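*Asks:*
Protein chains in written order, with the authors' numbering: chain H, 17 to 52; chain B, 105 to 156; chain C, 313 to 348.
(1) Go ahead and label residue 111 of chain B buried or exposed: buried means 16 or more other beta carbons lie within 10 angstroms of its beta carbon, across all protein chains shown.
(2) So, is the C-beta of residue 156 of chain B closer than 8 Å to a C-beta in chain C?
(3) Where does the unbroken alpha helix (DSSP H) through residue 37 of chain H begin, and where does it stop?
(4) If the cut is a Cβ gap below 9 Å, which residues of chain B does residue 315 of chain C touch?
(5) If we count Cβ pairs, one from each stretch, closer than 8 Å, do we get three or more for the segment 114 to 124 of chain B versus the segment 132 to 146 of chain B?
(6) Can you tell me whether residue 339 of chain C is helix, strand or coil according to DSSP?
(7) According to DSSP, simplified to helix, strand and coil, what is residue 154 of chain B?
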């Protein structure tokens with residue numbers, strides 16, 4: 017398991033994780049106002 | 105047995121004995137810490153009739 | 313009167329957070345070996 021190489025993958029792809037990872041939170045945020 | 109296992113009895117015994125008075129430092133916090141430490145020095149292990 | 317505070321017990325927090333900080337610190341040093 018090349019964890020050392022793996023860390024560079026997410027470091028370069030940090031925009032992708034942040035870009036749509038916070039979108040999931042935004043998706044569920046509207047669900048709070050859609051519930052009792 | 106109830107008197108033996110009680111915290112109050114241990115505290116009142118330690119406050120009366122000379123083993124503790126001669127070990128007083130004069131600082132309230134240190135004396136309280138020493139008293140609390142010596143409270144746990146007396147442990148009561150209850151017995152079971154089934155195991156004799 | 314209690315002899316000592318029940319919280320936040322600095323000594324307990326230093327070890328737990330230091331170990332967690334040490335664990336990630338090991339990973340940072342681990343991941344730079346293959347980067348060279």
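Yeah, the Cβ is synthetic: ideal placement off N, Cα and C, and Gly gets one too.
*Replies:* According to the structure data:
(1) Counting from 1 along the second chain, the entry for residue 111 of chain B is found at position 7. By the 10 Å Cβ count, residue 111 of chain B comes out exposed.
(2) By one-based count along the second chain, residue 156 of chain B stands at place 52. No, residue 156 of chain B lies away from the interface with chain C (no Cβ there is under 8 Å from its Cβ).
(3) Here residue 37 of chain H refers to the residue found at position 21 when the first chain is read from its first residue. It spans 30 to 49 - the alpha helix (DSSP H) in which residue 37 of chain H sits, taken as one unbroken run.
(4) In the third chain, counting from the first residue as 1, residue 315 of chain C sits at position 3. Near residue 315 of chain C (Cβ distances below 9 Å), the residues of chain B are 133, 136, 137, 139, 140 and 141.
(5) yes
(6) Within the third chain, numbered from 1, the residue matching residue 339 of chain C stands at position 27. Looking at residue 339 of chain C - three-state DSSP - the assignment turns out to be helix.
(7) In the second chain, counting from the first residue as 1, residue 154 of chain B sits at position 50. Coil, per DSSP.
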